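4 protein chains.
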Amino acid sequence: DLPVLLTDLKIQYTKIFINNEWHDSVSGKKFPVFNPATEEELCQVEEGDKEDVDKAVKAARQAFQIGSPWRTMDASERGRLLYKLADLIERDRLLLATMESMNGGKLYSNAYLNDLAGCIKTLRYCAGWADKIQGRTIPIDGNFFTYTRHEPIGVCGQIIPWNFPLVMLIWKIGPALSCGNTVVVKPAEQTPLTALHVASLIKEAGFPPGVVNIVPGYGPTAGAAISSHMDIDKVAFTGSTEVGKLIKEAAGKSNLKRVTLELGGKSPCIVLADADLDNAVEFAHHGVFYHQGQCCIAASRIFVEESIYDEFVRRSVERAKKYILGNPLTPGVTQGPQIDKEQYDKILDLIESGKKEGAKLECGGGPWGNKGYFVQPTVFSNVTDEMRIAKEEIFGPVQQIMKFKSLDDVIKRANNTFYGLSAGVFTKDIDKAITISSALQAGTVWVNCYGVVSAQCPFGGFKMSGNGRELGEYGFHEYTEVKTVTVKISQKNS
Amino acid sequence: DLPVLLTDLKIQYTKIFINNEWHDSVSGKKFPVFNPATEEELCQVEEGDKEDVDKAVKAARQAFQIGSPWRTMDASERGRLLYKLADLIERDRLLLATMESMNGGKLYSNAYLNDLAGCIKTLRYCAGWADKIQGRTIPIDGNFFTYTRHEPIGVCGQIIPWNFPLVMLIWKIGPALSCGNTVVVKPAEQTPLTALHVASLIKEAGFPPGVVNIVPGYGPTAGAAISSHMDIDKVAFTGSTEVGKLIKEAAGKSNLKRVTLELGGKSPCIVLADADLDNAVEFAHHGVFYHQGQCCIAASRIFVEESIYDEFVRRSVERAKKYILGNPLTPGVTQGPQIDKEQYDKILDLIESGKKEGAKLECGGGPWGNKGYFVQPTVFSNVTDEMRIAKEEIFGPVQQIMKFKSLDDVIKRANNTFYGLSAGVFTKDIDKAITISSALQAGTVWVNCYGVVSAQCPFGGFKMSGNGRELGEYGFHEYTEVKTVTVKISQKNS
Amino acid sequence: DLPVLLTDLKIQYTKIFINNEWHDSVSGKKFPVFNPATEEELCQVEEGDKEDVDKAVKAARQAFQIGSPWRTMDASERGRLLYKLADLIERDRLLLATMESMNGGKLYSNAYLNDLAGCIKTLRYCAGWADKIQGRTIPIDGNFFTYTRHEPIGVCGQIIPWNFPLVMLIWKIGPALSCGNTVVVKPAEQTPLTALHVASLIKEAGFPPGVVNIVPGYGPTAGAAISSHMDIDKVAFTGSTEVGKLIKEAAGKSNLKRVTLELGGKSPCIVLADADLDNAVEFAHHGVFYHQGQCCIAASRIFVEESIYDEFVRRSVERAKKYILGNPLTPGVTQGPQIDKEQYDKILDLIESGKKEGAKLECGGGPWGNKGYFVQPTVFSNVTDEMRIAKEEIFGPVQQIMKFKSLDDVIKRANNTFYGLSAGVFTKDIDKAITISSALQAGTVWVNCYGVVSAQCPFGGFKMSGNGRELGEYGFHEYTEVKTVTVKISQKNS
Amino acid sequence: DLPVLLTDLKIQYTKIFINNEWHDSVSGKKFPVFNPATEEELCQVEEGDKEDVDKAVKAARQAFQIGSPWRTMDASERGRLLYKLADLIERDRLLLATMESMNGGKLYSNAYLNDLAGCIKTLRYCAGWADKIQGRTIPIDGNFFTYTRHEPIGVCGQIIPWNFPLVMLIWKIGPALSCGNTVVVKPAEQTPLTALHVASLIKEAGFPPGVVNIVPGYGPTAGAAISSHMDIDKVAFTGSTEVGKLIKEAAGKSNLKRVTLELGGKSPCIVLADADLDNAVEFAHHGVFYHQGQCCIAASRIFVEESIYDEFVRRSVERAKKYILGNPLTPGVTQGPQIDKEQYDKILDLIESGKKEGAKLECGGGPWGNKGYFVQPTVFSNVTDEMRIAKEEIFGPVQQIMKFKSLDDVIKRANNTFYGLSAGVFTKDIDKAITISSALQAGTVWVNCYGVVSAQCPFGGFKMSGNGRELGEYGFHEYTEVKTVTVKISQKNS
Ligand SMILES: NC(=O)c1ccc[n+]([C@@H]2O[C@H](COP(=O)([O-])OP(=O)(O)OC[C@H]3O[C@@H](n4cnc5c(N)ncnc54)[C@H](O)[C@@H]3O)[C@@H](O)[C@H]2O)c1
Ligand SMILES: Cc1nc2ccccc2c2oc(C(=O)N3CCCCC3)cc12
Ligand SMILES: [Cl-]
Ligand SMILES: [Cl-]
Ligand SMILES: [Cl-]
Ligand SMILES: [Cl-]
Ligand SMILES: [Yb+3]
Ligand SMILES: [Yb+3]
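Protein chains in written order, with PDB author numbering: chain X, 8 to 501; chain D, 8 to 501; chain B, 8 to 501; chain W, 8 to 501.
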């Protein structure tokens, strides 16, 4: 069942968080924060800029110094702190899910049952790794004793998008903190509020000051200050391809800091004639429409074998026509608004390109309502590979359905993109499932499902959908720096 | 193609191998070695007993001493020696395959193309791990530096069966030597000859003396001397369930040495109605008949869904009726003899139990020829779970075919055995393949194939088919002894 | 600080725990449980025997069936249950530490601050591994897809000693449960009480019924029923060498179940002339006297370089003369009783052998008090390697101090034992610390400390001190069974 | 001993290597290649540019296609090919060492005994990993089967410097090929010759065409074509900080290809008063002077405790005054030339800055000879942290020696650099060795030695000395791309 907050949500935490204390901006400037379902201002937040990032980095650098509490405490106690933070987020789950929905335009049902549960589970997963991060002893040639330390990197700047503010906050700080790093987090200008509430819980849990610093503010200002900072050792980012390129360039020009990126995609589904048809239609539908299409792994190209193409298209339209748009906090509402004017304009412009370029509009195709950034759920059939809605990430509720008959050809078409975040394969054939998934150039391939993401699985893109992996055992590698120590000895023995 | 030796095979190495020198038995006694296809003596071999094992253990213990060449050389040089040994076996492949066939009653085609290639590949695989065996550095609670050494165990006694003399020799010494152990090997009394030739190549490759010692001789004498020896750290064994129990008991009574066992099985195949029928028939046929049925992973219970049962039975009989029995060295011969009188008697007695207990004899069912331990390839249909040929490992060319209709029931029937070495599943359904293989209590489960064994895969039994794993990354664990070293330090840092 | 229970301890849980319900013994028989400090009966407990073990195994087998709640729940939820159990033990820490002290004769200060903290930390460590136990995907030769499952083994019988009842209970059930096994636990007849209280918390935490079963009772009865049971897949044991041999023999005779043993030791310390002398004296003192000497890793042979031998002996005697014997619940008491009459008699008989065989009695040497199994802390100097107190594990407060001058010789003397659980090295020289620790045949080697044991470190013996490892990453291997699944595919790609 | 080539070296391979065939440049242009010891031209080589890189990438992309020989062959056969290549380089060791010395200005003794042995050993190490690169099976939440493939990335562009042409060629292609990638290699314009000879051996070994392509040519032309290429998946680079920044920027602007860099350093040694003084002087001397100082790990800041500073300085000068300069092919010659005019000018300009800024010139300080880019081995004492020779990587035979008395302060001074490739610690104190090495921000820390690099150890920089690691188990991660495959199943079991 779906419990709700029984009193009005009151916003309390609006300031910059550095050394576990609340700071005004150095400039004194604040910026507004809006509800995307009403277009109304929720509150003002301190606007961080380069001078505020500079204060946060100095705090994170001090907290990382040899001999500091965060460097010297047991790894198991790092894990304890993360498990306590997860307990506190669970305590404030109603508050946090409500704030996430109100600020992010996110269905409250999903915010409470999915985002908040993913936050809690991911933190608990990360807490468990803290004292299980291990180096090696190595049988080097010669009379030496050689071991490795998988040390924390140091100060990690982490730039977060607006589509999953809480989940992405925990995906970033969970592994970084578990490995022993300190962090300077820059939440999306649209959605700083839940991150600042989590900062209050980081204080309450007892993390040493400066281990986690949060600087709300804008991208070209605070974000660029992070990417180009001379004392940040690593930057992690999730968001647009364009900013990703900006970050890697600024990183190259400044101090060659380590960079990992996750940059969205144009993820394809291949539905073979032998697929469980109803299962494939349902998973591909949710794959493209989840969170109003504002998901990096959106299943935005669905290739269906000709023998079943028309049935797939009809059943997808039937399912797309069943949505209730409105305020994401009202029960029964099944689609909320897009985040803001920029994304809203982008979706409408791409929908129009689909009409003009000759796609078949099966349903939707325009805006909705008198307030809020709402877009009708839209289905396009007979899409071809050269159309804009086939090539560009839309980040809206816009589904593309294509036909194929040659399996060889559709794999090339699925791979013919600079993106490569995820893919789906729907078939009952063992051999096809293994060989197709091996052939797709995508970081996660789902077979007979879609959008299944768990803390135990590494997640990240092939090609221009990004570099590096998050979560799972493998993701923790990107938050460590390996040191080899080689000691001369009189005689070694195996 | 299949090259052959162009001169008569001459036997040269017949003595006990200790400290890289050839020893007569302490007793002076020798024992005969026979060709199972002719029942004629090939040569005499020095008979090792407890006093000879005692000399070999003293040599292996000396070679393992701290400061010795084998303990102090680079791990990478241990690997070099193993790769050189593989090169030398490849050089003597014609000789070794011929000797293996003549002594072991093994088809020369298989001996040359399969056993010898598996020997060479497994050695090269093991050589690659030598300098990649690594311990850990561990973020222990408190102000300590903790690391682990994955040391060699020490002197490993290794008792080998007669069905795959060379392959089992390399499966044992490859990992043991790669990890840095020293070994005392006791080949089967039936088949000492190829092991002694390999000992000549261990000398030629340059292994330090005492690293590999080979003591030919009998089970209750030399083998029991190994299992009960007070200075052997580990015993590894492949052979009968009965001896396996004898070894573990003697190990418990003496010095609590580590024991790993592989003890054969009664491995089942489940063939669902949707299986590729011809593929399933061919793999199950070879699965049961390979090397005259003298294989631990023999597919000796084949459960076939009723809808296709009669077709499966007919096609299996058709395939079983196509064999040519004779001397395993003559080209075109496709089935050789059983190893000796004991195995021959055991197979005939079990075949007769099948007739008496009411199985349907589809073909074969008796002995063959005027010399050699030959048994007609035999197929039984309508087998039921209480018959002796359903319960006891036969180790002969005797195939059992059963029907089922309830998938739930046939999994229980497949699991209703104290054995658990391997199983096969034949289906085109993705879900069935994953769920059935997860549900079978067997160490290796093949899907739409059978008998696929490679150096990269751990191999071993569930339940009374044995303990521990051989080969793959996981197998190397059983040839190391973990030491934790914990050092007090003034202050640790992550 | 050291909080205490503010009301009398009342014993509640005295029955057999099977399927999360409390059972009387099948026989109806109960046995008494005593306080070793007073020799007074505390309560009666249901006496489990073979028929009760048979009920527990049937319950554990049912809970392990494919499709059961414990097999199908998320690994992460297995970890959740373990973290909840740790929370509950932390809640009942005062109760549990008091009961442990009263039943086990264990100083309350240590019981509360060390045993209970080790229980809580080890459980939390084990909970973190549950969803991080992973198999492999393997690049096998040929056109196949090969992966491994690291499955739970199944029903694990776990026999626990009386010296660390709670800690050993958690060391056994923590890893077993984290890996997904079900367990049948047989606590020491002397000390069943804390295990039965933990069983009440296993119920409260919500573990599915039959996942943990606890059968109090005696060794030759309930314990032998476990070792010889035909449907227990693995037995783990900590206790005497003699029973260890009995278990491995019964395991070999019955169903070849997997066995791991930890069997105590005769652990040596080597103190070089350059050692921090006061540091070495203090660590070696606690190493031998901890928990009245009833510790497997007791530092029961201390070899000290001649130049500093007399100073080491004097300082050790000074420290040994500072103890206060009495009831382990009274504050300020620094040594409690031995567990029972058998251990008490054994210690006194070995002390007398030391006197007769010519050791120098520096202090102690006899019993103490009018009630309770108390032994004066005893120090022997000028011990030689042939004396009984040099060879046999004493398990009492009896310290042996020896001199050496040849480092080569003292390493041989340190290694000249069938035991091999642990060792200590005290030196300021880098090279000596690495080379000596590499040369000692012991499972844990401490450098400039002793007795440092943490959940992150594998723990176990070389030689006759046992087989296998507990805790750390490596310990989890012994609670999994590896299954290789190899799937035929049309074409593989790297 | 040191064998030599008995006939004149004849240069044969001067063309671009693509698809295992020799190509002229698309332009027709060639460039000269010089001997740095004589300043004389050795031969002309085809000059590759963007059009040639484009041909090589197309070939490498074709060789990486699903279904190709390199994608479908057994991993073990990838390893076979690498071991065969190592055999062939060993066969041509005299030829290759001579060519390396003549083209690279590298002492023949080192070229034959060190570079060529490192090439052979590193290849054999890499060959062993090929079929031991494994993914995971993961106990994900929900009813799913999840596994990972550690796939090759794809086409890897690899830009090589002139100081270790062969060793760096093998460090790049060894791991890349072992993991299954295809490569486009751009050797230094100064030193293309040995790489082209190795290309002839790649053909001879039987690597499929297009797996290894080598495009000799210049940095701003062929190198920039690689860094900015839209179909190269990863670029690896070793060389200057400045080019490293250029590569990462071009990578960010083009296709966000993965980048790893190794960029030299300013590596410090800390010599405590208790150090073995002669051992520290010898290791620090070779650490700074190896290969005429043209080593990334040059020990270019040596901090010595005041009590022993003057003795360290004298002994270092004594050792530096014992060199024989001349042609690196003549026996007895112990220092060769610098690579070219640019490096030569840079060294002399930095030597002069040392004089002007007030360092104490102990020996050397100017050029040498009438031909060749020779520099006298130069020692500076009383260096301070603000001088250019303290801050800038010199890449010449120029040693800096500094004093300290505060250990806290000297660690800060050691860390006060944007570099971070390596460091050395010289002390006999266990605690100091562990705590100092933990505190240094450097990728490899040697204790009581220096410059010990082996194929089993990961190697790479902290901070602006680069990102990622090469060699060892950890280095192989950077040549794989992780794919998560998650399959819906009816019910999972642990
Ligand atoms: N890490 C090392 O081992 C190493 C090696 C060589 C030089 N260095 C440092 O660099 C300094 C300058 O030496 P250098 O000029 O010969 O080094 P460099 O970085 O310019 O040359 C190294 C490699 O990079 C190539 N390259 C040059 N410009 C390029 C560009 N725009 N794009 C892509 N590739 C390009 C070169 O052709 C060569 O293959 C040296 O003095 C030394 O301090 C370090
Ligand atoms: C034997 C040897 N001794 C050395 C002593 C002092 C300094 C450097 C040394 C060295 O470098 C190498 C070497 O091949 N490198 C390439 C890889 C990066 C490191 C340099 C070998 C080698
Ligand atoms: Cl992985
Ligand atoms: Cl495995
Ligand atoms: Cl370990
Ligand atoms: Cl590592
Ligand atoms: Yb369906
Ligand atoms: Yb010296």
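Beta carbons: idealized from backbone N, C-alpha and C, even for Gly.
{"Check": "Residue span of the alpha helix (DSSP H) that contains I233 (chain W), given as start and end", "Outcome": "231 to 234"}
{"Check": "Selection of the region 67 to 98 of chain D by Cβ proximity to chain X, strictly under 7 Å", "Outcome": "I73, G74, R78, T79, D81, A82, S83"}
{"Check": "Coil, strand or helix - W77 (chain B) by DSSP", "Outcome": "helix"}
{"Check": "Interface flag, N262 (chain D) vs chain X, CB-CB below 8 Å", "Outcome": "no"}
{"Check": "beta-carbon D438 (chain B) near ligand 8 non-hydrogen atom, thresh 7 Å", "Outcome": "no"}
{"Check": "Alpha-carbon spacing of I309 (chain W) relative to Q197 (chain X), whole angstroms", "Outcome": "52 Å"}
{"Check": "Classification of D392 (chain B) by the beta-carbon crowding that lies within 10 angstroms, buried from 16 upward", "Outcome": "exposed"}
{"Check": "Residues in the region 442 to 454 of chain X having any Cβ partner in chain B nearer than 9 Å", "Outcome": "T442, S445, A446"}
{"Check": "Residue burial classification, residue 7 (chain W) (beta-carbon count within 10 angstroms, cutoff 16)", "Outcome": "Residue numbering for chain W in the displayed model covers 8 to 501; residue 7 (chain W) lies beyond these limits and cannot be assessed."}
{"Check": "Contact check, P172 (chain X) vs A195 (chain X), beta carbons under 8 Å", "Outcome": "yes"}
{"Check": "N286 (chain W) beta carbon near ligand 8 (any heavy atom closer than 7 Å)", "Outcome": "yes"}
{"Check": "Member of X:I331, X:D99, X:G112, X:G135 whose CA lies at the smallest distance from the CA of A124 (chain X)", "Outcome": "X:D99"}
{"Check": "C-beta contact flag for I23 (chain W) and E488 (chain W) at 8 Å", "Outcome": "no"}
{"Check": "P159 (chain W), DSSP secondary structure in three states", "Outcome": "strand"}
{"Check": "Chain-ordered chain D contacts of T155 (chain X) [CB-CB under 7 Å]", "Outcome": "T144"}
{"Check": "C-beta contact flag for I221 (chain D) and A243 (chain D) at 8 Å", "Outcome": "no"}
{"Check": "Neighbourhood of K367 (chain D) by C-beta distance below 6 Å, restricted to the same chain and skipping five residues each side", "Outcome": "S388, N389"}
{"Check": "Between the CA atoms of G217 (chain W) and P227 (chain W) - distance to the nearest angstrom", "Outcome": "24 Å"}
{"Check": "Near ligand 7: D283 (chain X) beta-carbon under 7 Å from a heavy atom", "Outcome": "yes"}
{"Check": "4 or more residues per run - each alpha helix (DSSP H) lying fully within the region 88 to 128 of chain B", "Outcome": "100 to 111"}
{"Check": "Reduced DSSP secondary structure (H/G/I, E/B, other) of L355 (chain D)", "Outcome": "helix"}
{"Check": "Beta-bridge partners of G431 (chain X), as assigned by DSSP", "Outcome": "X:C276, X:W453"}
{"Check": "Neighbourhood of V288 (chain D) by C-beta distance below 7 Å, restricted to the same chain and skipping five residues each side", "Outcome": "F319, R322, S323, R326"}
{"Check": "8 Å Cβ cutoff met for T267 (chain W) and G475 (chain W)", "Outcome": "yes"}
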